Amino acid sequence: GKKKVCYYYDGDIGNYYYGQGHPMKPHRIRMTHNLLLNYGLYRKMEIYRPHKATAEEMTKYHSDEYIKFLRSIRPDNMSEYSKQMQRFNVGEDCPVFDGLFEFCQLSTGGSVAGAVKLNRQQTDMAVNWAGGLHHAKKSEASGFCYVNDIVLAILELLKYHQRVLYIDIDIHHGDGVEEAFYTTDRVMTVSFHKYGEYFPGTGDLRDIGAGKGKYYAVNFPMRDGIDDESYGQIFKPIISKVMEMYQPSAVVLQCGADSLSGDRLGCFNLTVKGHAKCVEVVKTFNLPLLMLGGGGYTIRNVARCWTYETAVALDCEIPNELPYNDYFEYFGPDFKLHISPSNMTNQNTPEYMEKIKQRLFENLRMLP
C-alpha cells in the first residue's frame, strides 16, 4: 500500500555556485523543494535536514589523500595546488568553488542519513534529491561530481542487507557506482544510458562485472532520442527479471533528470511521466528504497520531474496546473507540471530495444 517517506533537504544547497557558464546549478534543488512545498507535499512526509557528512564517513570509500585535498582546496589557494588539482581531476569540469567541501558534505549527508533510516526500518523510502553523484571515483572527481554519495549510501545499506540493487536512469552511465562494486555480487548495478562517443565513455552492454561480480553489472546502451514508449518497452521487463534473479533486500534508484526531453546537455526525449514510470515500477516491489537525484540541466524540468517523483513516492495525485511558487516565472510559458516530448528522431528502433533486452536476459540467466 502507501508508504512512509522521509525526505532530506538543506536550505543552503541552492547557494553553491559552480561558476559562470557551468551547467550544474545547485539552485535547481531549491526550485524542486519550493515547488513540492507549494503542492503541499510536506503534509504527507517527514522533512529532515541532513547532517554534514564527515571525513570519516567519506573515507569509507574515498582515499584519505583525496578527501584531505577536497577539505583543503579553495579558490584563494588554488595556485598552490596546481599539481594536486590535476591528480584529482579538479579545476575544469569539476571546478574549485566557494564551499565545495560543504556542498559535498550536504549532498552526501542526505544519502547516508537516508540509508541509516532505511536500515533502522524507520521509513519505507528515503529521498535525497541533492544526491546521486554517480561519476565520482575513489580518488578522483569526474563529470561535476566530487564525492560519491551513492557508493557511501550503498556501503551503509550493506551493513544490514546481503544484496543491494542499484538502478540508474540518468542519461549518463553510472560509472563510479559500477566501478566501486564491479567485483562483488553484494551489489548489482543496472544503468540505462546514452552510449556511443558520449560521456563518460563506459557502459557497453558487454561490461558485465568481473570475478565474484561477473554478471552483477548490467548496462543498457541507448541512442539519441529515446521516448516514453521505447523506455517503457524495456524498463519493467528488465527490472522484473533482475528482481526475480537477484532478489535484493534494498534498492537505490538514481533519478538523474538529464534523460528528459529538452535537457540542455542530454539528447533523450522522455517526459516527466515517462521518467516517473521508472519510480512507479521500482516502488511496486515493496522493498526499502533510497531515491536520489543526479544530472539535469534544464532546471525548470528538473524541478517538475523531482516534484512529480516525490508525489509518486507518496502515492499522491497532484494537479497539472502549477501552484504559485518562488520560481513561478521559470515554468512559463505554460505553467504546467507535465512536459511534451520534442519532434527529435528516436534513433532507438523497437527491434534494437528488444535485441539489447534479449542480450541482457541471456546474462541474467547466469545468476544462481
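Note that residue numbering follows the sequence shown and begins at 1.
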>> Which is higher on mean Cα B factor in this entry, 337-345 or 45-53?
In response: 337-345
>> Tell me which stretch, 143-151 or 222-230, has the higher mean Cα B-factor listed in the entry.
In response: 222-230
> Considering only 111, 189, 89, 271, which residue's Cα atom bears the greatest B-factor as recorded?
Replying inline: 89
> Can you tell me which of 254, 105, 79, 261 has the highest Cα temperature factor in the record?
Replying inline: 79
> Once the chain's modelled residues are ordered by C-alpha B factor and cut into thirds, is residue 299 in the lowest, middle or highest one?
Replying inline: lowest
>> Per the entry's values, where does residue 194 land by CA temperature factor relative to the rest of its chain, in the lowest, middle or highest third?
In response: lowest
> Taking the entry's C-alpha B-factors for this chain, is residue 308 in the lowest, middle or highest third?
Replying inline: lowest
> When the modelled residues of the chain are sorted by Cα temperature factor, does residue 30 land in the lowest, middle or highest third?
Replying inline: lowest
> Going by the entry, which third of its chain does the Cα temperature factor of residue 202 land in?
Replying inline: middle
